[PDB]
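My questions all concern the structure below.
Read from first to last, the chains carry the letters A, B, C, D, E, F and G; within each, the first residue is number 1.
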Amino acid sequence: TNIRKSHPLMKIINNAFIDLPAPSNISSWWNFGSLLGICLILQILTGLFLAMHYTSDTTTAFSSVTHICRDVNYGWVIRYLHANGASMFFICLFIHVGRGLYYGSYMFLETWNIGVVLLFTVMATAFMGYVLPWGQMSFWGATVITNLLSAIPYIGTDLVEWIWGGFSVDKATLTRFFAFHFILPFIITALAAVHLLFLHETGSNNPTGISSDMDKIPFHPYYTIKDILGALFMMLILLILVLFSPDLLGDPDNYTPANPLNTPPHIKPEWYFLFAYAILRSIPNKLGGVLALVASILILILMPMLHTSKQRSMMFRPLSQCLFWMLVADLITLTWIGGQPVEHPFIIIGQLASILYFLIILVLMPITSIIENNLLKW
Amino acid sequence: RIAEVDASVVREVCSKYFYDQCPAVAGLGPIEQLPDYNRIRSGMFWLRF
Amino acid sequence: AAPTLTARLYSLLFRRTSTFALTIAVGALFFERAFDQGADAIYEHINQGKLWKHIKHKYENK
Amino acid sequence: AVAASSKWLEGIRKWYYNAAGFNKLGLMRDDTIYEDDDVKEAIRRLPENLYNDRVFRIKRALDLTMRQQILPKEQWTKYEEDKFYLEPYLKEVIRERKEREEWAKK
Amino acid sequence: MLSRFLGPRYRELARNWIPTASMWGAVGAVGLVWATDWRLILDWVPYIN
Amino acid sequence: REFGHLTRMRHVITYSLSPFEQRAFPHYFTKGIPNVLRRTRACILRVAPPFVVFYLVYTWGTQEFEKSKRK
Amino acid sequence: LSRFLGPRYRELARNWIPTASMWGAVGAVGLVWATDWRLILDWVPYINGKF
């Protein structure tokens, strides 16, 4: 018989990747889901190499990272793969979310709500790992979060003297930062399997928004070859960064060891946390700052019930497309402001762009879709 | 002309006409499960030999 | 109707379907014989008199 | 419902029709609607000849989009010849759902 | 018990597959000679040293 | 959701050609250039004007931080 | 909207606020057992769990 259809293991592989019906007009914006799965496997294997030579102790944390870049064989290529592979993960993740928002993919309700959970868990993972080298941004990044995490009204100060081991920063301090950072990427993997199990119930959306059961093609060979090609083009760009500019995206101030007594001239996080940092510093309060930071990721879960248009995607809606790229050009503004010092021009621009991020999603988008319905007579 | 045919003759003439060639296909009726032309064309060779 | 030299290997070996999958192994030879006269020799030519093994003679012997 | 400036608003409706581009793929307005459970009941109530016309227009537009091409301009759907074929079937399906809902609370 | 492999025309099937199977024993003689760089048969041919 | 159970369709015919019967590049730079000039002309006025607003705010913003200093 | 408003929606909420405060008060007293919530540990002093 056909062993692809009767063997107990080969049946599951055949239904998921070989004979799966897929739309025929899928773009290369639909490439970034398997790119995210490549970036996750890469961070796991490279991170399991660094964890055999790292030491979690605030007297020898900075010195165990310089040792692998100088002494251990191929330690310099594997360390800068890990730091630059994390920037690769966050750029594919922002393309992925912006795709599902422009083409209306949030209508797959169980698939969209597992995705908002996955977005929190990778942001918390990347925060813990940047504490571990323990230079002067791992220090002044850790304290800015955990004095902002003492402004939780009834259990706040209970939770700040738990993560340092009980204390201020000592040898047992970065054992808890390290153990969280070890474990969370393996929960991200389990949530991404459930993520695809709910998408297998409907199949994919397509750029028109219109259902396409009359036009399916098999997944092999048409999207097995198109996904291999996009993965090779991504491994090219990543190695251009590791081998020709490995310090382009980082900051020089993290090559000085952590010193409570010395002073850093500025406080600048990584580029993919700079938009959230600009929303924090626009709220003169410390309870209303941590609220507006958590409400800027949690507003994604209101997108299914804010939808008032008759059509699913933005391909045929020209006024909704002017508002979509006003929102992208507003997250670029908040990334620039987050890396500037706090003086006069960058203080009013920063809070007038925190208002515009919530005014577009909550007010201007649902009103614009109703005007479009009325100009088409529904 | 029939008595000359044996198994090595049959094995030779079939490889000349069938193996690794492009077929022509026609279909009519409830044919949604008729396989794609790429999947039909790959069935014209075996990866062993 | 004189054709061009496409069918060097369509008949003999790349038809049986085996050297098609075996030229990752059989066909893995003599290009680390060849593309070393590329990258290595282009590298020492752009950087002439700047590497260690260029200048190590005058520190050598005794 | 203005009577003197409904010539101004007839021009804005024509401008929006051309700026949206389902006519360049040879589609009608009711081809592009989002199919919820309400719209899926109006589709299966259509007569056989109108259902078959809709399946071919969608398949042809999905094929043009795979190739990044559009139709020749002589085959674009005109604004006055777009037939709202699905709208009377959809109003009846919605009117029956409101009646099962007012019955359940009273 | 394994005289299921013992037929008058079942050993005819070894005669038409061993010309394909005469060769991939010489892929191991050429493929990890590539891979693990064995100095035994780099002594063999004057192409490579 | 497998192939012979997806939808119902009547009266449509498909003609296709083998991949070994075809040329790899029939037209590459004689339709590839005017077709991307059509697709660029359709997108530009929806995508570009928000990024011309980030430029005029970056240029004014990094010009009131310089003149705050040295009179 | 009015798809959820009616005399039948909060009908079964008035039947379920007893099944609600029991949704909430159990989880509220479930939150002290887990993370040794020490400012509500001796809310009633009969639990001297910490030695």
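Criterion: contacts are C-beta pairs under 8 Å (C-beta built on N, C-alpha and C of every residue); 3 or more make two chains touch, one makes a residue touch a chain.
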item: Between chain D and chain G, the fewest steps along chains that touch one another; value: 1
item: Of B-F and A-F, whichever chain pair has more C-beta contact pairs; value: A-F
item: Rounded Å distance, chain A centre to chain C centre (Cα mean); value: 41
item: Centroid spacing, where centroids are CA-atom means, of chain A and chain G in whole angstrom; value: 34
item: Rounded Å distance between chain E and chain F, as computed from the means of their C-alpha atoms; value: 52
item: Multi-partner residues of chain G (at least 2 other chains); value: none
item: Multi-chain contact residues (two or more partners), chain A; value: 214, 218, 318
item: Multi-chain contact sites of chain C, meaning residues that touch two or more partners; value: 16, 18
item: Residues on chain G engaged by chain D in the complex (per definition of touch); value: 3, 6-9
item: Touching residues on chain F, where the partner in the complex is chain D; value: 7, 9-12, 35, 39, 42
item: Complex contacts: residues of chain C adjacent to chain B; value: 15-18, 20-21
item: Chain C-touching residues of chain B, taken from the complex the two chains share; value: 19-20, 45-49
item: Contacting residues of chain E [partner chain B, same complex]; value: 16-17, 20
